[PDB]
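An overview of the molecular structure
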Amino acid sequence: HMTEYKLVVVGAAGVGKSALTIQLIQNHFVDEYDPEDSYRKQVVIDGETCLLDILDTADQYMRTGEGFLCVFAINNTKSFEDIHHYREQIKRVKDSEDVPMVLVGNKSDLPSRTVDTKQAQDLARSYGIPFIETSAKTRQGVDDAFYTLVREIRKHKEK
Ligand SMILES: Nc1nc2c(ncn2[C@@H]2O[C@H](COP(=O)(O)OP(=O)(O)OP(=O)(O)O)[C@@H](O)[C@H]2O)c(=O)[nH]1
Ligand SMILES: [Mg+2]
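Summarised in this report is the structure supplied together with it. (Residues numbered from 1 in each chain as written, not as in the entry; some residues may be left out. Chains lettered and ligands numbered in written order. Heavy atoms only, no water.)

**Section: helix α3 (residues 77–94)**
- Along its 18 residues, α3 runs 27 Å from first to last C-alpha, staying within 8% of the 26 Å computed at 1.5 Å per residue.
- For α3, the principal kink sits at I83 and spans about 25 degrees. (Helix = DSSP H or I, 4+ residues; strand = E, 2+ residues; numbered from the N terminus. Expected span 1.5 Å × (residues − 1). Bend = angle between axes of the 7 residues up to and from the residue.)

**Some details on the pattern of salt bridges**
- Under the criterion given, the structure shown has 17 salt bridges.
- Taking the shortest distance from any N to any O, the salt bridge between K118 and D122 comes out at 3.1 Å. Linking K118 with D122, this pair stays in helix α4 (residues 117–127), spanning four residues, or about one helical turn.
- Each member of the salt-bridge network shares a partner with another, and the members are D46, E48, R151 and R154. (Salt bridge = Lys/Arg side-chain N within 4 Å of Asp/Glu carboxyl O.)

**Observations concerning the nonpolar core**
- Formed by 49 residues in total, the largest nonpolar core has its most connected members in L7, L52, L69, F72, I90, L103 and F146.
- For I90, the residues in contact, after removing those within four places along its chain, are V10, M62, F68, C70, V99 and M101. (Core = buried A, V, L, I, M, F, W, Y, C linked by side-chain atoms within 4.5 Å. Buried < 20%, exposed > 50% of the residue type's maximum accessible area, 1.4 Å probe, protein only. Contact = heavy atoms within 4.5 Å.)

**What to know about the site of ligand 1**
- Taken together, the neighbourhood of ligand 1 is formed by 22 residues, with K17, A19, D31, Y33 and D109 sitting nearest.
- For ligand 1, whose accessible area on its own is 650 Å², the fraction buried by protein is 90%.
- When its residues are assigned to classes, the shell around ligand 1 shows eleven nonpolar, six polar and five charged. (Near = heavy atom within 4 Å. Areas by Shrake-Rupley, 256 points an atom, 1.4 Å probe, with all protein chains shown as cover. Nonpolar A, V, L, I, M, F, W, Y, C, P; charged D, E, K, R; others polar.)

**A closer look at the sheet that holds strand β5 (residues 101–106)**
- Strand order in the open sheet formed by six strands is β2-β3-β1-β4-β5-β6, and the pairing between neighbours is mixed. With one partner strand each, in any of the chains shown, β2 (37–45) and β6 (131–133) form the two edges of the open sheet. Neighbour-to-neighbour, the strand axes of this sheet turn through a mean angle of 25 degrees, independent of strand direction.
- Bridge count between strand β1 (residues 3–11) and strand β3 (residues 48–56): seven bridges; the pairing is parallel. (Pairing = 2+ DSSP bridges. Axes fitted to C-alpha atoms, helices over the stretch in contact; angles between N-to-C directions.)

**Focus: the side chain of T21**
- Relative to the assigned elements, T21 resides in helix α1 (residues 17–26).
- Classification of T21 as buried rests on a relative accessible area of 0%.
- Separated by 2.9 Å, the side chain of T21 and the backbone oxygen of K17 make a polar contact.
- If near-sequence neighbours (up to four positions away) are discounted, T21 is found in contact with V9, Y39, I54, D56 and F146. (Polar contact = N/O pair within 3.5 Å; in protein donor to acceptor, adjacent residues only side chain to side chain.)

**Section: the packing of aromatic side chains**
- Under the definition given, this model contains two aromatic pairs.
- Aromatic pair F72 and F80: ring centres 5.0 Å apart, planes at 70 degrees, arrangement edge-to-face. Per residue, the accessibility class of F72 equals that of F80, and both read buried.
- Arranged with centres 6.2 Å apart and planes meeting at 15 degrees, the rings of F72 and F131 form a pair that is stacked. Residue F72 is located in strand β4 (residues 67–73), and its partner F131 is located in strand β6; the two are separated by 59 residues in the primary sequence.
- Through a chain of ring-to-ring contacts, three or more aromatic side chains come together here, namely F72, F80 and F131.
- Against the face of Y5 rests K159, its NZ or CZ located 4.7 Å from the ring centre. (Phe/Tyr/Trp six-rings, centres within 6.5 Å; stacked < 30°, edge-to-face > 60°. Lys NZ or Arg CZ within 6 Å of the ring centre and 35° of its normal.)

In short, shape yes, function no, at least from these values alone.
Structure below.
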């Protein structure tokens, strides 16, 4: 009686993968940095009752994931640069240029921005994927990121 979507959250250490997930699951912001596990969330997206199966990571998970949030932090230039490596990984495992993915630029609430929205838009355009800006602290963009990913999975494959 409901559709499962297997989502995987990837990106460099410290970017806010867990914080984003815990916002979606708990509606709370975890202040403290606790550096792999699985969460489930039932949600209605476009009148479909969805069971999200979310892997919060640090080939195994990549093989079976249906869509990926590729997360960097807007005050961490190295994390933005690292996106390439995560995307290449995902593409290799799937043997496809066409894998459901969203680029997420997290920590939008912080002042020390080193990656501008143009850099991020350029990257997402090159990849052919959406870009969503988030703050796990304020919850800005969090549902948007996850719901957009679900829509991208539907767009690619019958669910
Ligand atoms: N201000 C702010 N801090 C955040 C946000 N997202 C996460 N943080 C903080 O950044 C730190 C790292 O967040 P985590 O969610 O543990 O990062 P992670 O990507 O899961 O890191 P790993 O588990 O090491 O791969 C924590 O102190 C969070 O409180 C955000 O949107 N805004
Ligand atoms: Mg984490």
